[PDB]
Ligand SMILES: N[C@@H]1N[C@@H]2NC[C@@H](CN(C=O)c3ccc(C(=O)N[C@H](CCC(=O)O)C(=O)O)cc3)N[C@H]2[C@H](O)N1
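Only one chain comes next, encoded as structure tokens, the form deposited without this ligand.
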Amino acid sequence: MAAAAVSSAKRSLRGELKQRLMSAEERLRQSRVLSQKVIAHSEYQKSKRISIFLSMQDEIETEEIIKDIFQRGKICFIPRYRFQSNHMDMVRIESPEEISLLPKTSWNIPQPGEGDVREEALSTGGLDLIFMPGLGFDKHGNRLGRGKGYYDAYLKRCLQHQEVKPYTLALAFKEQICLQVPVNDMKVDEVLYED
């Protein structure tokens, strides 16, 4: 019952948030602001092994950050989701240009296909820094995802491979910042956002 009330609150907020999620140019504008903030960010600059998402249209565009990741010689991993469940791995990509050749999911997001053998981040040391996607975030680092809980489960696996947990950095539109995100689940270290 209390569980259902939480679910209801999340569902309502998701609706409210997805409504808010803007022009194409404003999305690009705000993505450019965040990329600069990211490139200037201490945790990002120091990170050696990085997980980053490939942007949907209701998400901060990560294209510029991906270019920079490879320029800084970081080891770059992207999501590969198993849609049958809440399982995801982070799989290694070797250049920004590789992304353009990948097959795409029903979300129109690139990820390596079923027969494509990939280095999984947890097989080779884990991650220093994970960029956290989501529908909404509050100033306490509470995250509202799409409902499937992939990132929550992934973070718990990271604990089994690393003495120190990966730093988690959320990238948000101004429109994605909420007063209170209803919660059960796992906070992000920092939410970046502004005009």
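Numbering starts at 1 and runs along the sequence shown.
Keep in mind the form deposited with this ligand bound is missing from the figure; the text below concerns it.
For the three marked residues, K18, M56 and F83, a heavy atom of each sits within 4.5 Å of this ligand in the deposited complex. Only one of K139, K37, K148, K165 lies close to this ligand in the deposited complex, with a heavy atom inside 4.5 Å, and it is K148. Note on the interface: of 46 to 54, 25 to 33, 166 to 174, 63 to 71, the segment with non-hydrogen atoms within 4.5 angstroms of this ligand in the deposited complex is 46 to 54. Contact between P79 and this ligand in the deposited complex is found at the 4.5 Å heavy atom cutoff. Interface residue remark: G126 is not counted as part of the site for this ligand in the deposited complex, having no heavy atom within 4.5 Å. Contact residues in stretch 120 to 139 (any heavy atom within 4.5 Å of this ligand, taken in the deposited complex) are limited to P133.
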